[PDB]
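Our numbering runs 26 ahead of the 1-based position in the sequence shown.
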Amino acid sequence: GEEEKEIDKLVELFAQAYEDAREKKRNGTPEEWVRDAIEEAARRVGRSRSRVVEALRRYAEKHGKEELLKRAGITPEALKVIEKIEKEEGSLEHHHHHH
């Protein structure tokens with residue numbers, strides 16, 4: 027009905043984008059395949075690459091990680107790394123700037 031209207035569909039396009047990334051980067055990593063999938067999932071709707079992260083990550087908190095990995099067509103060994111991609115975008119501790 028009206029539940030997960032902007033969340034569940036944000037995992038659907040991420041699934042096929044992760045497949046496309048794994049097929050073009052055969053010698054790559056699960057982190058590169060999620061990283062490229064998050065971009066194409068955002069590009070599909072015209073959003074930022076950050077808003078889609080909150081969506082696939084919310085979905086795993088609401089449905090559980092075991093449901094997210096099935097919906098995205100990924101392994102739990104790949105799903106656990108998506109949290110490290112979120113923290114790698116959060117690299118304010120690794121850099122210096124004026125404030």
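Yeah, the Cβ is synthetic: ideal placement off N, Cα and C, and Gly gets one too.
Length of the line joining the Cα atoms of residue i and residue j
i: residue 124; j: residue 118; result: 12 Å
i: residue 46; j: residue 82; result: 18 Å
i: residue 114; j: residue 102; result: 19 Å
i: residue 18; j: residue 68; result: The structure shown does not extend to residue 18, since the chain is modelled only from 27 to 125, so the question has no answer here.
i: residue 31; j: residue 108; result: 22 Å
i: residue 74; j: residue 65; result: 8 Å
i: residue 52; j: residue 122; result: 35 Å
i: residue 33; j: residue 93; result: 13 Å
i: residue 104; j: residue 29; result: 26 Å
i: residue 78; j: residue 100; result: 16 Å
i: residue 40; j: residue 98; result: 6 Å
i: residue 50; j: residue 120; result: 30 Å
i: residue 106; j: residue 27; result: 30 Å
i: residue 116; j: residue 35; result: 25 Å
Local Cβ density within 10 Å of residue i, reported as buried at 16 or more and exposed below that
i: residue 37; result: buried
i: residue 71; result: exposed
i: residue 48; result: buried
The region 84-93 in contact with the region 56-65 per 3-pair CB rule at 8 Å: No: fewer than three Cβ pairs fall under 8 Å.
Hey, which unbroken runs of the alpha helix (DSSP H) at 4 residues or more fall wholly within the region 58-92? If we require 4 residues or more, the alpha helix (DSSP H) runs fully inside the region 58-92 come out as 77-88.
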